[PDB]
Structures are given as C-alpha cells and as structure tokens.
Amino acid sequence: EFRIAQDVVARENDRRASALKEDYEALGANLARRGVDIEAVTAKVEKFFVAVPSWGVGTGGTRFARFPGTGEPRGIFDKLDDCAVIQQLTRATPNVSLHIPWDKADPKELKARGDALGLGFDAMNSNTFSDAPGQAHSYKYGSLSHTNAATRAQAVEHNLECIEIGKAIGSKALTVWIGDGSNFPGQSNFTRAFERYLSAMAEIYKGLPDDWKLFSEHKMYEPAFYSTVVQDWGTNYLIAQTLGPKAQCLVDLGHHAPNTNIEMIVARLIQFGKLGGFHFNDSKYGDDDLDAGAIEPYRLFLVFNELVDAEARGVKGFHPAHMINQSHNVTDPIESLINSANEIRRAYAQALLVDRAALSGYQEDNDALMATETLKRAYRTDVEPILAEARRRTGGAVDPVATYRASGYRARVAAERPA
C-alpha cells in the first residue's frame, strides 16, 4: 500500500521534472569532463540504504521538556506507518530499527505490518538503561555490569529476549548500548565493572545466532557523568576482540569527546575488522542527536570517505550496518528523517566522486594541498540532481519534503490520532 497518494507523488514530480532534467544533464556533462559516469554513481546511490529509528518517528525531548506536535504516533504500528512514508518518498530507508521494550508487540504482527508496508527490520536494540513495569531489579546502578548478580542475569535475559523477537521479524543483529557507569569518583571500580560487563556480554554472545552480529556501542558520557563502562572506541575494541568474530563495534557520531577525529576511529576499526556499523546524526556540543549533516556536513563526508577508501584499498567482507539515530525535538520527525537520509546519501555520493588514483598520488608525494583539494573537488560537487533522479527512478519524490507537505499527511494522521 501507499501512505502517500501516488497521484500526489506523480504531480509533485512532474512539477519539478524539467528543472531536474536540466540540472542532471549539466552535472552529467561536468562529471564526464572529469572522467566520471554519472549513471554509475546514480546506480550506486539508489542502492544505498540506511535504517530509520522507530523511536525517532515521534517527537523527542530533553530532561527539561517534551513539546509533542500533532498526530504523534500512539505506538510501534503507527510508527511503522510513518516510516513507510519516509521510505516511499526517499527510497533510502527500507528497514526500521526496533527498540525493546518500547516497541514490544506480537513479532508476527510486526512482520506482517512491515511486509505490507514494504519495510524490513534492521538491528534490534536492547534497553537496560531504564526500568520497565513489573521489573524485578532496577537498573538505577547499572545492568550488564551491575554489582548484583541477579540484576546482571536479568539484563542478559532481556537481551536474549530481544534476539528472539528479532529472529521472528528478520533482524540479523543486536545492538547493545547501556548507560552503565558512575557519577562520582570511587563509586565504581573501573576494572571490576568492566570485568562484570565482559562476563555478561559473553553470555549474550553465547546465545547469539550464528547468522547474527553483536554490536557494542561506546559513549563518553550521559546518563553517567563521571565514568562510563563502554566510554570510547578503545574499550569498545577490547570488548569486540574479547567476545568473538561475531562481535563488532558500533560508532555513533555524537558519542565522542570534543574535537575527536572520528573518521580516524572509523579507519582504525576497519583495519582491525571491528567496524560493525554506524549511528548517524549531527551535533555541536554533546550527544545532540540532530539531523545528520545539519551542523558539520564535511565531517559526514570524511567518514564516508574512509568507507569508500576501504573498498578502494580492497578490504573484503566489509558491509557495515547503517542506521540513523536522532531525536527530533523541534521539527516534524518525518521531514527530519527524510532530509537526514538524503544527507547521508549526499555524503556517500560525494565520496564516490573522489579521484582515488589522483589522491593516492598526492599522498605518496606528500602534496598535502593537492590531496586535500582532491577531496574538496568531490565534496564541493552538488550531487542533489543525482539524489533526486535516484529517487524519481525508484518510485520516490524529486523533492521529498515538498511532496510530503503537499500530501497533507501530517494533518491526516493528526485527525486519526489523539491530541
């Protein structure tokens, strides 16, 4: 089925078709002069997918307040319905990331709804950073690394349950992010807490299917404000290496210390085969969870530059999971996810334009200026025509947000859902 009327999509596409043809043909000619086939780029772009977070479909908030908009989803099924719009218009978000227990519901019904909407499911996300109804042990002082054996056991069991749910809907990975840490010096013994965490994760790994991957995710701080067990990529590497071949590291762009060179972390994990996936978003201060590329678009391009270089270097078996992990506090969640998915494809497309042979030459000759200008020649290229054409050719909209607004979807769900 189609959440957005096909006639609206056709209408809004035809309205912008002439201009797109002009821009696409112009870009094609420019690229041809640069020895690049625009068709080959568009072909790869229409194959690039990034998962949308079920929890980012509703309006997000801070510890100070939540300001919901109209037609907020009542649950996971409404969320899937809204995710269907993002995929229909961008054609870059075929899979949805579920969060348990936030999205707990009959797995069979979830799969049924997903299939009907043309949506698949990406990595499952466990939640032991908050307490659920009737929970025997609280995670106030931790979960997988809690000092209490029974609490760690309960946390392990929760993760295994997430795996069961995922196996029923077609998910092939479990992402584990916990808030475990301390707010005061001395509250936790750094090493003992990490030892407890490794032991618990070993139990989860033992219950991990052999066609699944286990992603551990580091974060410098929040909710813990003094120390965090899985605080950075170094600790994360130790975890993945210790657990096994199926265990890898997930890199969330907003989880690093100020000024960190994140693209280098990406390169390092790839070199040692532990880059499991990404959580895309942008930020300026902390884990701001803003729309991808809205603050620092070049950094996003530089991360993708390392991914494309890995392919160019001949790295094998490298298929990192791509997921958006954002909070939309002051915009229509659907529009933000739409443009964020767009921005990720934008950075990817520009990375594909880098003249790898030229760059390699400038790197070997230590021609720093031309090496950086080689990256800029790709990054400065406005690939919007490629992104728009890719969408058009695949059933999407030339201008996703414009078509979304022309459809009146928000007003529609606002009337179908409570205030």
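Residue positions are given as counts along the sequence shown, with the first one as 1.
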- Query: What stretch has the higher average Cα B-factor here, 377-385 or 62-70?
  - Reply: 62-70
- Mean C-alpha B-factor higher for 266-274, or for 127-135? 127-135
- Query: Going by the deposited entry, which of 109, 222, 252, 195 has the highest CA temperature factor?
  - Reply: 109
- Looking at 343, 289, 296, 311, which has the highest Cα B-factor in the entry? 311
- Message: By the recorded C-alpha temperature factor, relative to the other modelled residues in its chain, which third is residue 370 in?
- Response: lowest
- Task: Classify residue 88 as lowest, middle or highest third according to the C-alpha B-factor given in the PDB entry, relative to its own chain.
- Result: highest
- Task: Rank-wise, by C-alpha B-factor, drop residue 176 into the lowest, middle or highest third of its chain.
- Result: lowest
- Note on the structure: residue 335: C-alpha B-factor third of its chain, per the entry, is the middle
- Note on the structure: Of the three thirds of the chain ranked by Cα temperature factor, residue 211 occupies the middle
